[PDB]
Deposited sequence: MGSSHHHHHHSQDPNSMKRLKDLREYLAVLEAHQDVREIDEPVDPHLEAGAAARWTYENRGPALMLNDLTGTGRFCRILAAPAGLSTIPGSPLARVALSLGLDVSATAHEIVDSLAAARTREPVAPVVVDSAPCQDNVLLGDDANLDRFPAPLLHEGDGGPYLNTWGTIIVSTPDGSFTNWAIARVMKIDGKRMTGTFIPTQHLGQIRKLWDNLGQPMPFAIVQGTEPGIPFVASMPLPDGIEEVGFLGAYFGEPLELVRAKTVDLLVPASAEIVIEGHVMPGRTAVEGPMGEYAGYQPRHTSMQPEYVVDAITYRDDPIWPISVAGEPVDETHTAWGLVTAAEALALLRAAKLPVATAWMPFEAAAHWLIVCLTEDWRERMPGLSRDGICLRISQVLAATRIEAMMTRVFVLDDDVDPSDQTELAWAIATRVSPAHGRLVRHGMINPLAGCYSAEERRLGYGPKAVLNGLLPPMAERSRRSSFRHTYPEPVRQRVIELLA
């Protein structure tokens, strides 16, 4: 019973109904103010912002800030993530990652090609296809230039057209016709780009902004090599995604897009050949930084879902997995089921942490995990206070730490200059599992230390 939102207009109408989006009619400068407005919103847990009037381009193209920031909906901080993934506004952290991990066990659903889409109501070709017609947000003071892609999806196919990857990567503006961005060889955009370099031809590309809200989550997900995001999205929502043919390149793009930037990557510069957009386009942005923004609510969250699916595929009894937002997507929490010993009869607590480390180390996501804490599932790892309490009271100050050295996340902060320069540094797995213990010996709180009738009576008096 999914509640898939089919485009950004539907997503915004649902946020509006829950008073979780605010319109700003005063002029906002894309030079630093739009980015600062997004940071204020994340950090104060404000409503998403629709910047209706931007210096330089006026009311032509709106900007959506904090598209999946923490929500203002009372009692539902994950509501933007939940709604983006077609779940109830009050879906829990565990229901979200479990829904994504469950879809990894299902067969991919091929998309369907539609003849027309609102994203092509307006078409700009040749010299008219110029990025100077749209906002060029300078998101942070020290950035190298305007970051045109922070929440949109890059689409590239292999030369034969048999495989297509969808990915969010940062793209910076050079001028009105050119953009640039990194093509890491360990990522899929780079692997596909190498195939176009071997044939000696420019790689065709498309960048879509403001699609249905589920796409940027799956485009952030580190799926295995050879698994298409569009197929996974189809299996996740239980129906085909509708794609439309691009106007100047042989690529299929989401029909739900607000804006489509088409072109070729020269053998790294993106060259714009066409820009298509629906009437009154909206360009979402994501302003990465300290917690909590979409680096944490989308990228780290879908990385936790992928870890949960990989650990379960290795038959480990993992109740849930989560990348705590306060740890800025540097940490993975792995919670084992209460009966993990019955499910894995031959291993001690140290043994199951060794096995988790071994399984995670064989996957694509291992370098992202600066720390993995292994805990019992009486802890909700999305509850900041309960998670800090469990780590402080269950992880020894000296033992239960399994260090590995190898490839590291170059964006992670906890590395020395030498470790960064070598791309070689430590990653740890910390054992916070308890021995078999009665609920009242490991807890001391309202819900764990008082009989049901006493709690009921207190709830009647106070709630």
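**Student:** In sequence order, what intervals of the deposited sequence carry no C-alpha positions?
**Tutor:** Several regions go unmodelled: 1 to 15, 283 to 305.
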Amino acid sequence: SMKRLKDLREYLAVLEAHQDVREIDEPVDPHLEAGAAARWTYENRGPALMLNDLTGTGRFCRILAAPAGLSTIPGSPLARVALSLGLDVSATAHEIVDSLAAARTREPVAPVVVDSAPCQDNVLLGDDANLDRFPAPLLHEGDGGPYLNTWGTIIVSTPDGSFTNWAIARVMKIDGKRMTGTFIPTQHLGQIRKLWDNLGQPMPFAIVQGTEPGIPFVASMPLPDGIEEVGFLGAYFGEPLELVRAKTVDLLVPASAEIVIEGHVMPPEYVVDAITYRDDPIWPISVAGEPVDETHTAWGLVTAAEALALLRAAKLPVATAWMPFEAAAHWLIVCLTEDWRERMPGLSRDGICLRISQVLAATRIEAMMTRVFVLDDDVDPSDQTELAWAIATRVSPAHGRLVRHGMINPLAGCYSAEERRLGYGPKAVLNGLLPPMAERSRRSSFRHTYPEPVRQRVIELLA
From here on, numbers count along this sequence of modelled residues.
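**Student:** Would you mind comparing 317 to 325 and 70 to 78 for me and telling me which has the higher average C-alpha temperature factor in the entry?
**Tutor:** Stretch with the greater average CA B-factor: 70 to 78.
**Student:** Which has the higher mean CA temperature factor in the PDB entry, 59 to 67 or 419 to 427?
**Tutor:** Per the PDB entry, the higher value belongs to 59 to 67.
**Student:** Using only the C-alpha B-factors in the record, can you name which of 361, 379, 109, 336 has the highest?
**Tutor:** By C-alpha B-factor in the record, 109 ranks first.
**Student:** By the CA temperature factor listed in this entry, which of these ranks top: 296, 104, 178, 341?
**Tutor:** Within the set 296, 104, 178, 341, 178 shows the top C-alpha B-factor.
**Student:** Taking the entry's C-alpha B-factors for this chain, is residue 197 in the lowest, middle or highest third?
**Tutor:** CA B-factor rank for residue 197: highest third.
**Student:** Would the CA B-factor of residue 271 place it in the lowest, middle or highest third of its chain?
**Tutor:** For residue 271, whose C-alpha B-factor we compare with every modelled residue in the chain, the answer is the highest third.
**Student:** Please place residue 123 in the lowest, middle or highest third of its chain according to the CA B-factor in the PDB entry.
**Tutor:** Ranked within chain, residue 123 CA B lands in the highest tercile.
**Student:** In terms of the chain's CA B-factor thirds, is residue 434 lowest, middle or highest?
**Tutor:** It belongs to the lowest third of the chain when residues are ordered by C-alpha B-factor.
**Student:** Split into thirds by Cα B-factor across the chain's modelled residues, where does residue 226 land: lowest, middle or highest?
**Tutor:** For residue 226, whose C-alpha B-factor we compare with every modelled residue in the chain, the answer is the highest third.
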